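Chemist: Got a structure for you, questions after.
This is how it looks when you write it as structure tokens:
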């Protein structure tokens, strides 16, 4: 039935993550810049990612020398994909042998040619690293790729062929060669979503961004030139989805258009016509395109749009679409169900109905996709733990957490700790601390970073402390003592032992109030430069 | 009230005149060819996704001109836009078709309204302004009515027709020459595709596979008069204009998009103003350019206006000659009017081409309209004259629509002359072909037309005939230079002395005057060819024949292009 989106990660022009992405959208920021000479010597504009050469190959058990031979599209998605899992609150341990499919939108080979680097391998990186067992399939339907992938993952989950799916897209523009409405400006990006059956997501107590309640794909078929759109195919696609899944156009209040700024009028007419077949209501449905902010992120276009929509729903807020002064002459808005939203405003819904939105993505090869997303409506000291594979990254992790807590005054401290305990892998470099308030939490992380002694803070490298924790691992009364500590109160003791490498049973910390996993900052990868050898 | 069309001349793809035009229409011929390299290299501009059309309705010999005929120095001819040269010829011939000549047009209050929309030749060169294009004919023939070029794109010649009509009705002019001319000289201009052109190079009017138009070249002219004047002057009348109107699309979706509402208003207002019932109309020559969004809008508009007034179904045939010749742009209106007049004259409807399956966006079955693809009799009920409309819509949004009604009217001495002997020979050839092709020609009307409705120029021939066969034989004998005692020929400048006697002597003049009545044609003939002025009216007593359409001057085919 319904598919839950339980994890997301994103890296788009002007946005290193989904929180910056949201902030940029709220403030109507445009990330399009002139192409610098460090890329190539110069349309002279692009929605660019920063530091596309950066990778943490050691994290992924990849030899540094192999990293130079990897398409950065592979490298960046590997990172974003992984972070999507961590966002959902899953780790290497909990993913091991999971029937998780990987569906990766990808549509260019630039690095391989400039020079392992097949589409087939690009999709297979994450399954190989995490020991996943669902199929790994790259999808090249051009700009519809990530949304096509979403559809396929959706169908596999519903048929119970997999129990989880990582869907995503990645697009870089590396060469000069591969490169009011007047055409589009190319964008770069990488995004991933983690999908589950809704019933599983609720039983597993995942945090849920939203649910997919309908999706479809089809073809333009014979058009006037292979890259031209078909009004009829777009209409059929949208109609068939709404009819198959019992979705009334009146229930939809936002559509993230394909909206490349070429094509535009055909898309508008199609969607308008389909809506009007079912309702007389006027100007109820806002339309936008994040391509106005970040450019045309190609294979990653679908996932960029889906993430925008989920963020909108989560904040119950509609954000401006950009570059709109006067309506396209070829379409008449006044008596349409559609209106272009250029305001930052509250996303209003009537009588506690869940917000619904659509995302469209159409490819130059004629393969179309369209999905319908519905807002999800859900029914003392804590022990904070952090770890990373190097001390430098632990420090970066602490900074990321401090920024996050500073930015989010309403964070549930118990949920956050719980996520750090159960929703992250305990790696070799460790710190832990107690806090009973936001202020104490921020102070602790500050103290850690500034190296100001603080009696609530514990840190160790696990390999150094082996002899010191053995006393607890094998003896029966030591375990009983630890269990008494963790069953339950002293937390200081649990903390000291945990940072030294002792495995803790985090479940025992909680009698019949158990907190929930929430979205937190994911691993801060080492930012090492790798390019052509 | 009514405006009589009393003369016509046309030059379209596959048709050097309106007689070939008619033949091509009857036989359902498509004139659209691939563009030859002698025009430009399509391979150097062609891209299938640059130009994406390689086809055109082309005129032949666009470089040919007879500058000496028009008192133009040969060297100036190279500097003249061929659009000007071509119209200058076609206009002049329209007058001759009507049976008017330099003498009879001198100082006439004749307006000239010329559809023209392009400057290619002038640009290539870097005299050739639109203003001068329209003014050539007035300058040559000493006409005194206003000379105005009309550029409303593809509606140009039909807007000109409306303006000429209103001037004639308001008695500001006594005659009008209306026309249009379009050539496509460069890859650049024909090019603009803007998405306009068909990749298949056909105007698929009314068809579901309509995907743009193919550019066409053409030059056409009509001579208009008030009907009352046309009847008093005993003109031959092709048809009458009984209504016309022009308007604007206004604000559309894109300045080149059409407006359903404007087309409906245009047509409705015309019919209401002039008391024309849609049921009385049996053919419409559509704008019918074969564009995907344009065609269905035109159909729906016209259908709707007809349906407001009648429940009758499928009584009005629709077609578009653009299916035959391509989209002849500024000349589109005049080409359509000329088709309709020819249809009326022959009481015949002809096929519209490239029609396989009706446009999905319009349902014909319950329409007053049907697409005619048959060569068939144009039937009318009772006594009633046939009525037809022509529509022409421009890319700039200025529309025109006229309503034409069928007109229902209540030995001989043949003389020919040209400015050079070579052209006289060509004139004799054209007449022979005409007489051969037209087995029912009235010999007395024809002679009368050659006598009174053509200028006596310097190289002359004349002969007697009492039958078609005799006429054909004489012209054959003339052409073959094989002796015939009833054929006379001379160059007038050579014969001045042999004629003077009849110009100055009182008794000679009295003898010549008796001859004209004495019933002696041989004598009149010998003298006329030598340059003697003959009072042709004296040849006729109780019965005077009527002017009819004959082949016009066959211009020298001299090549002029860029200097």
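Chains as they are written, first to last, in full-length UniProt numbering: chain S, 2874 to 2915, 2931 to 3003, 3013 to 3076, 3097 to 3179, 3182 to 3298, 3309 to 3462; chain B, 2874 to 2922, 2928 to 3004, 3013 to 3079, 3082 to 3298, 3310 to 3462. We treat Cβ as the ideally placed atom computed from N, Cα and C, and that holds for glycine.
Does the beta carbon of residue 3141 of chain S sit closer than 9 angstroms to a beta carbon anywhere in chain B?
Modeler: yes
Chemist: Short of 7 angstroms in beta carbon distance, which residues of its chain neighbour residue 3188 of chain S, apart from the five on each side in sequence? Order them along the chain.
Modeler: 3148, 3250
Chemist: Can you tell me whether DSSP reads residue 2950 of chain S as helix, strand or coil?
Modeler: coil
Chemist: So residue 3107 of chain B and residue 3219 of chain B are supposed to be a Cβ contact under 8 angstroms. How far apart are they, rounded?
Modeler: 6 angstroms
Chemist: Provide the residue(s) that pair with residue 3447 of chain S in DSSP beta bridges, ordered along the chain.
Modeler: For residue 3447 of chain S, which the question treats as bridged, DSSP gives no partner whatsoever.
Chemist: For the alpha helix (DSSP H) containing residue 3325 of chain S, list its first residue and its last residue.
Modeler: 3320 to 3336
Chemist: Of the residues that make up the region 3237 to 3248 of chain B, which ones have a beta carbon closer than 8 angstroms to any beta carbon in chain S?
Modeler: none
Chemist: Could you check where the alpha helix (DSSP H) with residue 3051 of chain B kicks off and where it finishes?
Modeler: Taken as a continuous stretch (DSSP letters only), the alpha helix (DSSP H) holding residue 3051 of chain B covers 3042 to 3055.
Chemist: Identify every residue that forms a DSSP beta bridge with residue 2912 of chain S.
Modeler: Residue pairing from DSSP leaves residue 2912 of chain S without any beta-bridge partner.
Chemist: Within 9 angstroms (strictly less), CB to CB, does residue 3250 of chain S reach chain B?
Modeler: yes
Chemist: Does the Cβ-Cβ distance between residue 3061 of chain S and residue 3113 of chain S come in under 9 angstroms?
Modeler: yes
Chemist: Indicate whether at least one CB of chain B lies closer than 9 angstroms to the CB of residue 3179 of chain S.
Modeler: Answer no: the Cβ-Cβ gap between residue 3179 of chain S and chain B never drops below 9 angstroms.
Chemist: Round the Cβ separation of residue 2915 of chain B and residue 2928 of chain B to the nearest angstrom and send it over; I've been treating them as touching at under 8 angstroms.
Modeler: Residue 2915 of chain B to residue 2928 of chain B, Cβ: 10 angstroms. No contact.
Chemist: For residue 2880 of chain B, which residues does DSSP report across the bridge?
Modeler: B:3111
Chemist: Output, in chain order, the set of chain S residues within a Cβ distance shorter than 8 angstroms of residue 3099 of chain B.
Modeler: 3141
Chemist: Can you find a C-beta in chain S that's less than 9 angstroms from the C-beta of residue 3087 of chain B?
Modeler: yes
Chemist: Can you tell which of S:3178, S:2988, S:3214, S:2992 has its C-alpha closest to the C-alpha of residue 3031 of chain S?
Modeler: For the residues S:3178, S:2988, S:3214, S:2992, the minimum Cα distance to residue 3031 of chain S belongs to S:2988.
Chemist: Counting only beta-carbon separations shorter than 9 angstroms, does residue 2922 of chain B have a partner in chain S?
Modeler: Taking 9 angstroms as the CB threshold, residue 2922 of chain B lines the interface with chain S.
Chemist: Find out if the Cβ-Cβ distance for the pair residue 3322 of chain B, residue 2894 of chain B is shorter than 9 angstroms.
Modeler: no
Chemist: Name the two residues that bound the continuous alpha helix (DSSP H) containing residue 3074 of chain B.
Modeler: 3073 to 3077
Chemist: Residue 3349 of chain S and residue 3401 of chain S: beta carbons closer than 9 angstroms?
Modeler: no
Chemist: Looking at the secondary structure, which residues open and close the alpha helix (DSSP H) in which residue 3221 of chain S lies?
Modeler: Its alpha helix (DSSP H) spans residues 3220 to 3233.
Chemist: Taking the C-alpha atoms as reference points, what is the distance between residue 3398 of chain B and residue 3351 of chain B?
Modeler: Taking the straight line from one Cα to the other gives about 21 angstroms.
Chemist: In chain order, what residues of the same chain lie with their CB nearer than 7 angstroms to the CB of residue 3195 of chain S, ignoring the 5 residues before and after it?
Modeler: 3256
Chemist: My guess is that residue 3027 of chain B and residue 2966 of chain B are in contact by the Cβ rule of under 8 angstroms, so how many angstroms apart are they, rounded?
Modeler: The pair is not a contact, with the Cβ atoms about 10 angstroms apart (cut-off 8 angstroms).
Chemist: Excluding the 5 residues preceding and the 5 following residue 2939 of chain B in the sequence, name in chain order all residues of the same chain whose CB lies nearer than 7 angstroms to its CB.
Modeler: Around residue 2939 of chain B: 3456.
Chemist: Where DSSP assigns a beta bridge to residue 3095 of chain B, which residues make up the other side?
Modeler: Among the bridge pairs identified by DSSP, residue 3095 of chain B is matched with B:3246.
Chemist: Buried or exposed for residue 2889 of chain B, going by 16 or more other Cβ atoms inside 10 Å?
Modeler: exposed
Chemist: Taking the straight line between their C-alpha atoms, what separation do you get for residue 3158 of chain S and residue 2960 of chain B?
Modeler: 60 angstroms
Chemist: What residues match up with residue 3401 of chain B in a beta bridge as DSSP calls it?
Modeler: In the DSSP assignment, residue 3401 of chain B forms no beta bridge with any residue.
Chemist: Can you tell me whether DSSP reads residue 3133 of chain B as helix, strand or coil?
Modeler: If DSSP states are grouped into helix, strand and coil, residue 3133 of chain B belongs with the strands.
Chemist: Looking only at its chain, what residues have a beta carbon closer than 8 angstroms to the beta carbon of residue 3121 of chain S, apart from the 5 residues adjacent to it on each side?
Modeler: 3113
Chemist: For residue 3268 of chain S, which residues from the same chain have a beta carbon less than 6 angstroms from its beta carbon, with the 5 sequence-adjacent residues on both sides left out?
Modeler: 3274
Chemist: Under a CB-based cut-off of 9 angstroms, is residue 3148 of chain B close to chain S?
Modeler: no
Chemist: Quick one: does residue 3455 of chain B have its CB under 9 angstroms from some CB of chain S?
Modeler: Among the CB atoms of chain S, none fall inside 9 angstroms of the CB of residue 3455 of chain B.
Chemist: Quick check on DSSP: helix, strand or coil for residue 3033 of chain S?
Modeler: strand
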